[PDB]
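One letter stands for each residue in the lines below.
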Amino acid sequence: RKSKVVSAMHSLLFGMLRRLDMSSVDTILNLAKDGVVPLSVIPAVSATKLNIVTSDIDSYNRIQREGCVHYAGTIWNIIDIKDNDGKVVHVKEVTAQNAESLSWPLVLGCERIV
Amino acid sequence: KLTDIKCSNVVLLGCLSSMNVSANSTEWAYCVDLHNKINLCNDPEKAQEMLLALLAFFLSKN
Amino acid sequence: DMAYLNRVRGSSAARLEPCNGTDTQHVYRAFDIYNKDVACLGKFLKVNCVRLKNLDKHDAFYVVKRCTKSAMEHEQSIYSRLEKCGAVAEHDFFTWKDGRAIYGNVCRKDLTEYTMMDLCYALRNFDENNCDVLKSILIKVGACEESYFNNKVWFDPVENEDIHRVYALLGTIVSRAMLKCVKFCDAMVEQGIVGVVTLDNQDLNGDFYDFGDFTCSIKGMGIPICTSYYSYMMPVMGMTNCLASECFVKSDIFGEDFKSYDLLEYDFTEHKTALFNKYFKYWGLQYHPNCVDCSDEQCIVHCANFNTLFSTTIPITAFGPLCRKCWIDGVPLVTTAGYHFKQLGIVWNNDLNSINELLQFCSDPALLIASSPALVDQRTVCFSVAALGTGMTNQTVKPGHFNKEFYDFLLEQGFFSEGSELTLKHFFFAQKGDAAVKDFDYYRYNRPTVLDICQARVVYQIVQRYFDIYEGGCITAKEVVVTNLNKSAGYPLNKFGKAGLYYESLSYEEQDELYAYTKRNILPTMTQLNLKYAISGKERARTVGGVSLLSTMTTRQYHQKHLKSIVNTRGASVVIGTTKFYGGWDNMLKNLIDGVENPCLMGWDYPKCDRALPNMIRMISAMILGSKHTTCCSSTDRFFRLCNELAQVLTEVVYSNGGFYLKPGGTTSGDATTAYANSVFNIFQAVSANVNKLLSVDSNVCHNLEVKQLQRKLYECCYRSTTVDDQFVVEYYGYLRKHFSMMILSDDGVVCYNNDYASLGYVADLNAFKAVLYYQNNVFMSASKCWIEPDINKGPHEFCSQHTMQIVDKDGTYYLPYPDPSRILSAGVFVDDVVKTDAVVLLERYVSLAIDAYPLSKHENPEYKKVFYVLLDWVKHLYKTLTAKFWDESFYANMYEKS
RNA sequence: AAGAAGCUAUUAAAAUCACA
RNA sequence: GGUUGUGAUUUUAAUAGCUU
Ligand SMILES: [Zn+2]
Ligand SMILES: [Zn+2]
């Protein structure tokens, strides 16, 4: 038991290191005071993919203007849109007012464009 | 009377729950709202009619 | 009359109107007068001043004080000395003939109707009715037209979140008033005047107008004392969200007008100290931006309250764990190195980085969050941090199973007939596909609240007395009682196995090493929020925290002794550990009713208690419980333990449904000390209502010399002194125990207060609780849910969700609890999931319900009595299908008999 | 006498309910 | 995947003790 649990913890920690996006963090981390940045904002400044969960079409309108989104002083392009059920929903449907018939809390998978 | 219908609703959801009706959020939300509001219902015939609506919905999916 | 007016009219262009002629208006007004005969903050009647409405401005008033002819030269000289500054209203001085002698007249121009005191007081001491002054002030300030008050629940903070918008408008008035007070104090210092400044001296326009009690002295040698000025409005200063004009960042996060590097700023030390000097230059007591510098635990309360006030101006993202890149395992990864508490300020881990050492990394969020894509969620006002690689996923609730046979039997017995006053009223309500997050949105009620430090230091001292009986201290790992196989361990560790796996994984030496480490650093952790299958009487969903393993392991090891001392003690004012069986309930109610003269019972409950808990008072409770580590730990160790407790329980990153978040505040049910901390909170609120009401007693009218002396001493201890005299604290503790007796369980309790002392406002009646909850808990206690009982014989209307009845036997009169019949029937009918194969489980369920239902046997209502016997018959039937321990009623009878 | 059970608690674990 | 507290019951086991 002791060996199995510590080994699993090692594996999970190494997985986190694998998905850490190490370079992006340091490029911005060491600018701040003594290289200290609140953990609450490190992903928004260093992450590559951004997900957002809208409440209705009006939030869609506010957040993006031409298929891109501005957040944390950066511009984000909308790649794919998922509804509640996780089924693909294309931009044509959401743009049209007919989205009233669609499940409201759309989630958008956005990616950083520099 | 109220209890008779009020309990009767619970079994209906259980039947639906077995049918993974939650796969689509809209229907599941509709059913949940109807059930929750009938439970708090105090006057029978309204509870009866919402129960009829539930039953009609369930019969659609068999 | 016009002759008298002519003197005023000449300079004012005669554009004035009188109220009932030259006669002084009979109007009650708030005051803060400290005097040999009186020391009060309540309102009085003064009829020594005439009020003239200036018809030019929509609100300006002309007020003239026709008294103190001998004081004219004093007043004239003071006004001349102070008029040069811009914070003093215009005055006119003259004498007018009347009868056989002349009297002096001091006319104040363009003064507003209500003094700043009249606001600060009115906002406190709030109530549903008799709220005329607050309405009038809101209209005059233009916060909202009178039509806004058609919404009869307009004032409710939880039913009208728009109210906070209305109050935010007053924020400008408060900030302007403080700035004018700073200028006025500076002017008094320069001109050489000495005296105290009180809110009665200032108008909503922010100009001081009354100098009667001031004294002249050497130029520049003056000394103003404003302790009661600043401190008194502090609850108002926090409610109306003043200082919003000082917001550091003035743009939205997703608004285009924003800077990326802007977020990285976290220090804000200079910002906070500069704000403190700008607004609180005359607070005398030092301010520490970073509480880690504080010396006395009381000083931490003051400095942290101030930090809470300034917390508004800082970006919400600045708070949270402070991490940095570091060399770990040969792979440079981001490590936690400090935490930025909202109240305590910046704290940095003392030591810089074995399973004892390696284990924390897998639980510390620093590694996990940085490795995940960012998340923005509009469902909840609360902030959002990141989302896992797998993407978000929602979770739903299924309804409970309906036990048809039991229902049929109930029908057979004749229940649920068309006869009223009995029916099912609790059901396993089902919730939407993602009700978890939408429930977490309810934390938006956790608005920052600033409790006035001068009046709360005394209350902290008093409440500490209620907890001097018990004993605490640290205990080695081997001595901790552990409910092994705890059903969860938090998101980081719940994958591998239950908490036991880790308990036997970690040998006691490593646990002690980890504890010693925690006495030097900060180790934040997630808390996997999750849903709860549970019967309920209302549609609202329920969720629970479930704090991670490492927090509980160390947290209990720091508080266990104190909590155990709390449960084991009996007869105290906190009844967590007492049983309601074996007559224990009657013992509790008999102790509570003991001693009180003309006893009367009242009760209450805090709406949205778990969420609305002001994230400050939780810190206070965290200090009281830990205050007994006098010798085991030094001050620094105690402070790190406290800050770690806050990090794990108040501002921890809350995981749910694959989407991380950052909890604004409020308690988390998963904590070990939730019940105990809430009990301390409740004691604090109950006491503070007493201090609040006591100060407003109108001393001049009182005759109970004890009470007059008591309030004079209390006031002189709150504002006019530095260190609170233990003598007064013990005297007041005794006085409370003699007329205001409390029995508190977690976050609910009953009070047996003397009716006479309450009627004359000498102890906290319900209205006092309304006020205190309003301006400190920041929520409104709907009058429906509370209650009073003017006869002890009937006992409390309800305590701990159970009624109480009095029965006279050979043993005499004694009280018995009895749950609501409908709740018991419902619990019998519905079950959370499909019953397991063994029907024996049903036997335990039904026997336990019968035990909890036995008292109804004695109940007066014939139908209620049927409930117990029917359940008995059902258990008989169930067993027969499958004894005296269950068959016989006497077995339940002994459960409710003494010894 | 052993032994045997019955009873009695104390301890431990599980299971289950009520309460916050 | 379904929390932590504090009571309570039932079973089970151990522990001894008592009685027959
Ligand atoms: Zn300090
Ligand atoms: Zn200690």
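Residues numbered from 1 in each chain as written, not as in the entry; some residues may be left out. Chains lettered and ligands numbered in written order. Heavy atoms only, no water.

Method information in the entry identifies cryo-EM as the source of the structure, with 3.3 Å recorded as the resolution.

Caption draft 1: Highlighting the coordination of the zinc ion (ligand 2). All names here are of chain C. Looking at the metal site, the zinc ion (ligand 2) is ligated by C474 (SG), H629 (ND1), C632 (SG) and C633 (SG), spaced 2.0 to 2.3 Å from it. Coordination at the zinc ion (ligand 2) is irregular, judged from the four donor atoms that bind it and the angles of 78 to 149° they form at the metal. Expressed as a motif, the donor residue spacing for the zinc ion (ligand 2) is C-x154-H-x2-C-C. Of this pair, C474 sits in the loop between α13 (453–465) and α14 (491–494) while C633 sits in the loop between α20 (617–626) and α21 (635–649), and the two are 159 residues apart along the sequence. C474 gets classed as partly exposed once you look at its relative accessible area, which sits at 26%. (Donors = N, O, S within 2.8 Å, 3.2 Å for Na, K, Ca; no water. Tetrahedral: all angles 85-135°; square planar, octahedral: opposite > 155°, others 65-115°. Helix = DSSP H or I, 4+ residues; strand = E, 2+ residues; numbered from the N terminus. Buried < 20%, exposed > 50% of the residue type's maximum accessible area, 1.4 Å probe, protein only.)

Caption draft 2: Highlighting a nonpolar patch on the surface. Residues and elements named next belong to chain C. Together, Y28, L45 and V47 give the surface a local cluster of nonpolar side chains, amounting to about 280 Å² of exposed area. By the element assignment, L45 lies in strand β5 (residues 43–46). Using a relative accessible area of 40% as the deciding quantity, one classes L45 as partly exposed. (Patch = residues over 30% accessible without salt bridge, like charges linked within 9 Å, V, L, I, M, F, W, Y side chains within 5 Å. Areas by Shrake-Rupley, 256 points an atom, 1.4 Å probe, with all protein chains shown as cover. Salt bridge = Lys/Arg side-chain N within 4 Å of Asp/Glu carboxyl O.)

Caption draft 3: Geometry of helix α3 (residues 44–61) of chain B. Residues and elements named next belong to chain B. In this model α3 runs 26 Å from its N-terminal to its C-terminal C-alpha over 18 residues, within 8% of the 26 Å that 1.5 Å per residue would give. Where the residues of α3 are buried, they touch α1 (2–18) and α2 (25–40). Directly after α3, the chain includes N62, whose backbone phi takes a positive value near 60°. (Expected span 1.5 Å × (residues − 1). Contact = heavy atoms within 4.5 Å.)

Caption draft 4: Spotlight on the packing of helix α23 (residues 705–718) of chain C against helix α24 (residues 726–739) of chain C. Residue and element names in this part refer to chain C. At their nearest, the axes of α23 and α24 sit 11 Å apart, and the two run at 135° to each other. Judged on the interaxial angle alone, α24 and α23 are oblique. Where α23 crosses over α24, the handedness of that crossing is left-handed. The residues of α24 that touch α23, namely those facing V707, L710, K713, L714 and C717, are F728, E731, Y732 and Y735. (Axes fitted to C-alpha atoms, helices over the stretch in contact; angles between N-to-C directions. Parallel < 35°, antiparallel > 145°, perpendicular 65-115°, else oblique. Left-handed = near helix turned anticlockwise from the far one by under 90°.)

Caption draft 5: Molecular detail of the state of the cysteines. All names here are of chain C. Using the criterion set out here, one finds zero disulfides over all chains in the structure. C131 takes part in no disulfide bond, and the closest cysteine sulfur to it belongs to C144, at a distance of 11 Å. For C131, a relative accessible area of 7% corresponds to the buried category. Unpaired in this structure, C454 has its nearest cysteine sulfur neighbour in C718, at a distance of 7.8 Å. (Disulfide = S-S within 2.5 Å.)

Caption draft 6: Summary view of the interface of chain C and chain A. Listed as interface residues are 53 residues of chain C and, on the opposing side, 48 residues of chain A. When the two sides are added together, the surface that chain C and chain A hide from each other amounts to roughly 4900 Å², 72% of it contributed by carbon and sulfur. On the chain C side of the contact with chain A, C:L264, C:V376 and C:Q378 bury the most area, a combined 14% of that side's loss. Connecting chain C to chain A are four salt bridges. (Buried area = accessible area lost by both parts, 1.4 Å probe.)

Caption draft 7: Representation of the interface of chain B and chain C in the model. At the junction of the two partners, chain B supplies 18 residues and chain C supplies 19 residues. Taken together, the two surfaces of chain B and chain C that pack against each other cover about 1600 Å², and 68% of this comes from carbon and sulfur. In this structure, the connection of chain B to chain C is made through one salt bridge. In this structure, C:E418 engages B:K1 in a salt bridge whose closest nitrogen and oxygen atoms are separated by 2.7 Å.

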